[PDB]
Amino acid sequence: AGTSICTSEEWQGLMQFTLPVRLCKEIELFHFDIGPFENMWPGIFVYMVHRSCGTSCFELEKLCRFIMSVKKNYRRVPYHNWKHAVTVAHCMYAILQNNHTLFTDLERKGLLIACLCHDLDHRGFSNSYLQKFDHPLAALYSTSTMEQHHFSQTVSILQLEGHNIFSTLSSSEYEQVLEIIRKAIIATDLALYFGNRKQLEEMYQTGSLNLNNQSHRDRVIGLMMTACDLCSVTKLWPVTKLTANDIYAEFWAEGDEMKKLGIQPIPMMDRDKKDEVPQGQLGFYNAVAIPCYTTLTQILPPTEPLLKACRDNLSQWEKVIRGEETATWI
Ligand SMILES: Cc1nc2ccccc2c(=O)[nH]1
Ligand code: NI
Ligand code: NI
């Protein structure tokens with residue numbers, strides 16, 4: 001109930017945080033894994049906003065309040081949590097740095113914030129579940145149910161006293177950035193990814209894609225959001241494999257709930273069907289991840305390292321299926 005608010009201790013702490021010098025270089029690379037640096041995660045986000053958008057883009061006190069309240073409105077779920085938010089924000093930073101001048105100052109600030117906020121107040125349940133069992137959220141938000149909720153949570157946080165990092169924008173720029181953020185969060189609904197990627201692929205192959213056309217820009221930003229949201233598949237294999245354990249922990253918890261409601265879950269969500277997981281990952285990489293990064297690389301050539309890493313991880317899942325896995329830790 002209600003929107004959680006960080007403490008004075010929390011945001012003042014972030015304000016005075018300084019990032020270890022060695023990490024500056026690392027944070028620029030697509031393959032950077034925030035995993036080993038938990039205490040630094042909020043500071044890593046400040047650093048990225050300051051590098052991309054400038055140290056004067058946001059009032060520092062309001063930014064620190066905003067970040068630490070965002071952290072507080074992520075739940076202690078296995079995957080759709082604070083760590084995931086920062087991971088997705090980092091991928092976006094890396095995409096923006098490599099493509100900086102394709103995007104406006106307003107788009108860059110909106111997108112970094114959209115990524116940090118995009119799974120706010122996630123409960124560990126899928127759209128499929130909410131709609132199957134008529135949760136109140138599915139009544140309010142007939143499609144893209146959780147994503148409309150995450151956007152609503154973002155606006156709630158901005159509305160807290162001293163949290164509105166966008167207030168200094170002109171009235172027109174303020175409306176524009178909230179729309180950038182709304183569209184970007186909604187785009188993280190994978191249901192919409194399939195149509196979006198197909199359209200972009202067609203616009204690319206026929207040469208009609210035009211980034212001066214707002215509807216095209218919106219679709220490109222959409223695919224960037226998918227690429228950032230799925231970016232665990234673009235890390236080094238051990239990192240990718242550990243994250244997949246967290247993703248499946250959520251899925252199996254949801255399948256357990258469906259069993260109590262008299263419905264057998266899809267195999268992916270069935271903890272008694274773990275043998276099917278490697279084939280399931282193959283299906284997901286083939287149907288979602290590989291096409292996404294393929295089209296993104298076509299439109300934005302500097303993102304190629306995401307595609308190469310995704311392909312390397314597909315190969316690893318294939319090795320699993322063939323029985324060639326070596327020792328793994330969890
Ligand atoms: C099935 C599935 N696998 C994933 C692997 C990595 C990142 C995200 C996902 C996901 O959303 N679904
Ligand atoms: Ni989501
Ligand atoms: Ni997400």
Side-chain angles (χ1 to χ4, degrees), residues 33-34 70 73-75 77-92 111 113-130 137 141 143-154 181-194 222-255 265-271 273-274 276-293 306 309-314 316-317 320:
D33 173 26
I34 75 176
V70 166
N73 286 273
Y74 278 94
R75 302 200 183 195
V77 296
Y79 177 72
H80 292 97
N81 54 37
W82 171 238
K83 175 177 186 195
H84 170 65
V86 178
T87 294
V88 175
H90 165 271
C91 191
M92 179 57 77
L111 288 184
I113 295 292
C115 285
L116 194 74
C117 292
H118 86 280
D119 266 328
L120 269 163
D121 198 35
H122 202 290
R123 303 89 188 275
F125 292 96
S126 74
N127 281 344
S128 290
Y129 186 92
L130 292 176
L137 290 171
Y141 306 126
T143 65
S144 304
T145 302
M146 294 295 309
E147 296 78 24
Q148 297 204 63
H149 181 63
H150 304 309
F151 177 64
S152 176
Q153 291 279 297
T154 302
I181 291 170
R182 188 186 60 75
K183 289 170 189 177
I185 297 180
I186 294 301
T188 70
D189 180 6
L190 289 165
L192 300 173
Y193 152 72
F194 301 98
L223 192 68
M224 292 162 47
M225 292 295 297
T226 311
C228 295
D229 198 21
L230 302 183
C231 79
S232 78
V233 308
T234 70
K235 309 297 182 187
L236 298 187
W237 169 245
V239 176
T240 295
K241 180 59 166 84
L242 283 167
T243 302
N245 296 342
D246 295 341
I247 294 165
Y248 276 86
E250 259 185 53
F251 289 156
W252 292 330
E254 175 176 329
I266 63 181
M268 193 186 76
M269 294 190 178
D270 197 336
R271 71 169 76 249
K273 294 175 174 182
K274 302 184 182 184
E276 303 189 27
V277 170
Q279 193 62 43
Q281 283 297 287
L282 187 83
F284 184 80
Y285 276 65
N286 285 329
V288 182
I290 293 281
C292 170
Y293 293 111
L306 295 173
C310 184
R311 286 176 170 155
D312 288 345
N313 284 322
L314 171 63
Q316 294 294 291
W317 286 113
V320 178

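Heads up: numbering here begins at 1 and tracks the sequence. All values below come from the heavy atoms of this structure, side chains included, with hydrogens, waters and symmetry mates left out. We count ligands from 1, going down the list as the structure has it; atoms in each ligand are counted the same way.
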May I ask you to identify the nearest protein heavy atom to [atom], giving residue, atom name and distance to one decimal place in Å?
| atom | result |
| --- | --- |
| atom 12 (N) of ligand 1 | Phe284 CE1, 3.5 Å |
| atom 3 (N) of ligand 1 | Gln281 NE2, 3.3 Å |
| atom 1 (C) of ligand 1 | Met268 SD, 3.6 Å |
| atom 7 (C) of ligand 1 | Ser232 OG, 3.4 Å |

Looking at side-chain heavy atoms only, is the closest gap between [X] and [Y] below 4.5 Å?
| X | Y | result |
| --- | --- | --- |
| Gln148 | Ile185 | no |
| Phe125 | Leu137 | no |
| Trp237 | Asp312 | no |
| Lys241 | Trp317 | yes |
| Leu314 | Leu282 | yes |

Practice problem: Give me the protein N, O or S atoms that fall under 2.8 Å of the Ni ion (ligand 3), sorted by chain and residue number. | Solution: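 Protein N, O or S atoms closer than 2.8 Å to the Ni ion (ligand 3): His84 NE2, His118 NE2, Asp119 OD2, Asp229 OD1.
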
Quiz item: Hey, mind stepping through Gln281 and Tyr248 against side chain to side chain donor-acceptor pair (under 3.5 Å) and telling me if it holds?
Solution: CA-CA 11 Å; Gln281 283 297 287; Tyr248 276 86; 2.9 Å; yes

Quiz item: Any side-chain donor-acceptor pair under 3.5 Å between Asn81 and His122?
Solution: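 No - no donor-acceptor pair under 3.5 Å links their side chains.
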
Practice problem: Please state whether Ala244 comes within less than 4.0 angstrom of ligand 1, counting heavy atoms only. | Solution: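 It does not, in that no heavy atom of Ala244 comes within the 4.0 Å cut-off of ligand 1.
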
Quiz prompt | Part of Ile247 with heavy atoms under 4.0 Å of ligand 1, whether side chain, backbone, both or neither | solution =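 Answer for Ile247: side chain.
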
Quiz item: Pick from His80, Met146, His149: which one makes a side chain to side chain contact (heavy atoms under 4.5 Å, CB included) with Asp119?
Solution: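 Of the listed options, the one satisfying the test is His80.
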
